[PDB]
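Labels for the chains are A, B, C, D and E, by order of writing; each one numbers its residues from 1.
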Amino acid sequence: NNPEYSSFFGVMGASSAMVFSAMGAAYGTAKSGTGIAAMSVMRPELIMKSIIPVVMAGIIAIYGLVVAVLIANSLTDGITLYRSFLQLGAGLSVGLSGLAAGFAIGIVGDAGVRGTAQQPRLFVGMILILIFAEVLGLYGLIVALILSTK
Amino acid sequence: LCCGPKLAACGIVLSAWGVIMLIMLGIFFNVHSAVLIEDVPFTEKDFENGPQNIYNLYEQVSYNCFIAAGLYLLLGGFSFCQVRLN
Amino acid sequence: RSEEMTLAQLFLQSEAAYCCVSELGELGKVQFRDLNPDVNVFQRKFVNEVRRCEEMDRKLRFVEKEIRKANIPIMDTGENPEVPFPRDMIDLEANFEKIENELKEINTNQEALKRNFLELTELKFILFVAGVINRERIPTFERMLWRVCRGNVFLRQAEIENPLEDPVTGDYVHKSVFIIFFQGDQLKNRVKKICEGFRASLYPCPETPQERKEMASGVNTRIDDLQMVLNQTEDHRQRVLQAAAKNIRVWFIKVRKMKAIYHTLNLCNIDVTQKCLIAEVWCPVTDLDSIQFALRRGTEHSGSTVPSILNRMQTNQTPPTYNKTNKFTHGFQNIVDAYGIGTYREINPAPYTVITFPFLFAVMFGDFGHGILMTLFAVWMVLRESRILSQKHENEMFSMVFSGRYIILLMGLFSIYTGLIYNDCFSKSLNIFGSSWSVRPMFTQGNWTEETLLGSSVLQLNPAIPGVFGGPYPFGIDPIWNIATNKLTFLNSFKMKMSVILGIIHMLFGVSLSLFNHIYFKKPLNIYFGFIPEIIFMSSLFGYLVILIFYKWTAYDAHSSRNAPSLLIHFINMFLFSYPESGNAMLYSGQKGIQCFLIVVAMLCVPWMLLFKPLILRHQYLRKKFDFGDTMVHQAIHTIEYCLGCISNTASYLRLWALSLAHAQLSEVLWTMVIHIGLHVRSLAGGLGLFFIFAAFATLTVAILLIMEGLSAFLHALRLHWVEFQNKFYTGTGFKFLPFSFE
Amino acid sequence: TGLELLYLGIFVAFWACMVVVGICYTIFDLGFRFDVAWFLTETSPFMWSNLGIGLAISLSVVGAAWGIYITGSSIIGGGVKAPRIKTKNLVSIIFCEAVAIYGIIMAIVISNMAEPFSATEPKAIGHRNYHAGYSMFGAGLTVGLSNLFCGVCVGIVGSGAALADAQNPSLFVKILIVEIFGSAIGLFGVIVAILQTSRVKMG
Amino acid sequence: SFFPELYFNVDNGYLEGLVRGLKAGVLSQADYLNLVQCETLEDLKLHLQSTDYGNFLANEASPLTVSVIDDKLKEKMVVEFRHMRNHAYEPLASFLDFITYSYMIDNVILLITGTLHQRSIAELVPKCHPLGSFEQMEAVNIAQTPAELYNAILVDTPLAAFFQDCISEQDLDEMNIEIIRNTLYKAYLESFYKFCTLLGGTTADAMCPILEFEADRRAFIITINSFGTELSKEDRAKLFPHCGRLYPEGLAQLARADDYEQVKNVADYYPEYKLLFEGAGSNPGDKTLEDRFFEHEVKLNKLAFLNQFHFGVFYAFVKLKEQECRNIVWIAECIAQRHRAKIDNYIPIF
């Protein structure tokens, strides 16, 4: 019947959904913190104002968690290679979309905090670009669902 | 005075939301017996005998919508009292 | 036409023109323009007054800063002042000069504080030289001591926990004391060069042995302490003078007012012949009589007793725009202007957006309980309008949310309905119990009995159409999907088709408006050979997809599941012109001719816009007798941009599906991970746990979905309302009004 | 050179070992065990197919992220002293995300034709299955890499345009042409991928 | 896919935009024509308000003097540069450090030559450039021998690296300080050139010509200045930079020079130097060699601003704006002397 290697690949997919995506979020948060430092001394009133990038990093983590739980419930002993490779593909794609989005948000958040530290009118502008970062993560997640059926 | 409303109004809104949704959950678990579409989880493993067990245990599970909401019934009353303390 | 006529000229010289413009700017319905010759800022007929106003403004800014240093607030309850026109203002500023004159005396006596600090150092000298140095410079100091002396001297330090006032800046900067011991006079000489680089000039040079010196220093220190305690009375008079800051804040307000008046008079006309100083103004036609009223107010004060009237004058230039906004539509126009500033005589997109933004948010917010929550939020904010507006707030998030309360309320109300048709309220389906799917003897009639025995470990999809079932649902989406393990496939198909169809229709609505403006501006060349090819191209390409998708939805019955076609394969086939004879069946009879004709006419549409119009422009230019190459370059760039861009916009419409799917999945997981555990076996202590469980669940959904992801969805709606909507007809090249309303 | 020395070392060692083993096999008359057929056949096509499916959006999203950040840093840096350019330069990020849109639609197209089989020996899997797997994997790789480089290119040109636009506000209308000429290759990759995966009939 | 352009912005995008915005603050010819018509210093301030320089004279300068104008201009310089520095990571940080080393050396030699005359001890602080301030700016007043000066500079001031093994002397007279200046500047130019060529990429391509020109400029200046003085020729040969295009004839022809004729006969061999020396004919009505050198310098910096991801848009920028300050000062000087005869001697920029 099916080989015994088959259970390997699928499980590995789950690991990716909780490694790569997570790592991206981590970078984002770190970078944003540095920005806050450069902005804390001169414009002290806007510390909480800059709560917006850090949460917008953590959301990437959330996405990873979602898919991980799903691929922890579709795993059974008797899995054919077809299902295993579907699940591996989903995990890889979501992890990498999370990673790329994380890098983008981190850089944009540094630039945003630094820009607002000297120009209040820039605030809204930075927010706009930040959205274009976060949405990228969602695109990865999309195919995950498409790969839980076909 | 003690426990000024500035840090407790969110508590009152949360308590109101909790009590209303818990009453709703209990009512739709008891009267409608929580039809399986609105409820996957149950409490047994051997259900090869008949329907009396399923509805009986559904009533037992809905009964648990009591202290749950009752807990707030009170917490809301306490938080309103703290709000009154000016 | 957002306006008829603004650019006019309705001024004349008067002996007291200042009050004329004061009343005109109180009225706040003008915007001046003049100074075409560009005579420089540094030679103006009204320069000296502007200069002296600048001087007074800097000086009162100085006193304002100084009183702010003393932490004395300002009473901002005063009413709007009245313009003090006459030259006597300057003399009154001389009175105000007196104020700051005594202020200067205070700063002189602040140097007296030096002496206080002086004695204070000797206090810590109760502990061959010693001195007081900055704390933060200890390490470089002691390294320098290592370099110069090589350890032959020794140092020991101490520090005072209280921070020490600064004689010069007043800061509580850290300070410290150091004692250095030597062995000879050469060190006593050489060390002062290093010590003076670290600001220590208050030394009790050795006079007597330790005991007698200690007693003498103690005695003198207490005497001088009593002296400074006596002489510190200057603070009382300083506070007495400082308390008089509040009086002339309204004077500062009117100072700014008449400074701005004189600034406008600087721009005003340069000619002074026959007492004619006419400066051109922008003021909309509907307010013309209002301007006349201001004129009368001028004659209430200006004793020239002249009519001060003048006729309007047309213009060959471009006037600005204006958007009269009522209470309810303020935020929507804020958004639309944030995209850009529309040219004169443009279709204001407010009435469309004001309703298409909640609709789109609902298209990406398909959930009903969260609709109720957002609506409760919005009603809470709205009902306290009078209280909040009459309140002092500080949080900027609260200010922007209170500015967008209208949009928030509308999208909450629409979210409720769209969630209801979604049939996904808090991850469950509101089941009205009208399912008509499976009844037992019907399933046993279709050769299916007691297969659950093997089914205890498998799932057993049922093939549809046993011949006794079906039934759509009037109430939106049939509820049974909410537990079906294959719900994802049908939900995703439905969202795909939903999103594409809505996007195409909304885009058609967007593009269909430009023809109105084209006929309005009377530009025949830009409509006959303009919008017509654009619309025929778009329709022939994508209305075909719409008709095909409805055809597949309506016609292919369940019994023909096999042999059913794939729409995307058909679209790609016609795009590539490949014509396989087998592997996919034609959608309907006569496909070949119609499909071929539509694609060829779509292709033949491009050369019109690509080539024809500039030839006609050159034809008429030559008939008269204009770089023709430039004209076709710009046109061709526009046409290829339109084609590629329209393909990109039609492709970019899937964000609707994306966000809807993310919402669905997130709601399911948020339900089923944390508070799903609330269903348990406990008899007495179960609801106890459910209390905290639901507390955590409610807070987490508040912090994951209600706030931040909703913001992302809202900005995506905004982006769609900007780029793929307004890049079809909205040129966006104009200027708003910068009224002379005083502030 | 700070840490890329490790990468260069791994690369050189790997290729040197590859040359050594290749020549060792060749001169030993032992080439019958270097059966490329065994490697290409006994590996189930599903692994290639799902690798292609993943890559087709992996690379597109990577390119899009690169473009957005490289343009974003410059636009916001320039806007600090020129707020008027803040909104005008959205078009660069629009074009940057267009490649992600193209990538995901390609993933949807490729994802079809995924019918599982039950064959276990190559003769049973068959020519049609092997061709389908290889072709769709290749199409995925092509669209991924093309979209990646299109994204990088448009990001760079958008950065240059945004930097230049802050100076003279009458320059933006004469620099989008390079942007469109960049997006052309991003579309070209998509259409070649379709041309490759046209005739897949896995089963 | 060029070598240096993919990774530049990731940590240097914000500052690049800030500096490029600030480069718009240089005044074109039209503003200079405008500003040459001022009637008094107050007129000059009124015009200065309308330009990007606006609002830095809101003080109590009722008796306005050129001193306050110069001080405020330099204050704007140092505050702007310090803010730019305080937001940079390590590579850009070493770069901006390397920039400020020049002013640091200038300030050190200004202070030592001031204290060489005992008439001034501590009133020399306000003259020194605030930019070139390090923690031991006052140790210079304890050095009786240059060895002691080294011992003062050694610890924290990195200038030690530029003269740690190039100075060996025990007596501190007024002649050798010029040698100190020349050697320190020589080491600074050499180190900066090596750092630039190490940094690699477009920065080297876009900054090598500037440093080369500076090297040759200083070489020629030190040659011409030492004609009729006590400096021996071998020591002069021991003072030229070795990063210019005058490498062979710098050590084989300039050292064998004794009057302006031979310097002309060596400079005319190259095209650009021939043109520069012909333009500066040393006539009574013609500008001296220094003005032509400044003109070429500004031309090179202006040309250097046509590359997107080149670090020196910072360094170049600073130099350029410094020249601008000088220009403004000259104009104000005429307004102090009440004559416009030489008001056109400015050197336009952009």
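The criterion applied here is as follows: a contact is a pair of C-beta atoms (placed from the backbone, for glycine too) under 8 Å apart; a residue touches a chain by one contact, two chains touch by 3 or more.
Composition by chain, UniProt nomenclature: A = V-type proton ATPase 16 kDa proteolipid subunit c; B = Ribonuclease kappa; C = V-type proton ATPase 116 kDa subunit a 1; D = V-type proton ATPase 21 kDa proteolipid subunit c''; E = V-type proton ATPase subunit d 1.
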| item | value |
| --- | --- |
| Chain closest to the middle [Cα centroid of all protein chains] | C |
| Whole-Å separation of chain centres (CA-atom averages), subunit D against subunit E | 49 |
| Separation of mean Cα positions, subunit B (Ribonuclease kappa) and subunit A [Å, integer] | 35 |
| Computed distance of Cα centres, subunit C from subunit B (Ribonuclease kappa), in Å | 41 |
| Centre distance in Å when subunit A and subunit D are each reduced to the mean of their C-alpha atoms | 20 |
| Numbers and ranges of subunit D residues touching at least 2 other chains | 69, 73, 75-77, 79-81, 87, 90, 97, 104, 112 |
| Multi-partner residues of subunit C (at least 2 other chains) | 338, 719 |
| Residues of subunit B (Ribonuclease kappa) whose C-beta touches two or more other chains | none |
| Interchain pairs in contact, sorted by label | A-C, A-D, A-E, B-C, C-D, C-E, D-E |
| In the complex, subunit D residues that touch subunit E | 69-70, 73-82, 149, 152, 156, 159-160, 163, 166-167 |
| Contact footprint of subunit E on subunit A as seen in their complex | 38, 107, 110-111, 114-115 |
| List of subunit E residues in touch with subunit C within their complex | 34, 37-39, 42-43, 46-47, 49-50, 58-60, 122, 135-136, 138-139, 141-142, 151-152, 154-156 |
| Touch list for subunit E against partner subunit A, complex | 10, 13-14, 86-87 |
| In the complex with subunit C, residue positions of subunit A that touch it | 49, 55-56, 59, 62, 66, 69, 124, 127-128, 131, 134-135, 138-139, 141-142, 145-146, 148-150 |
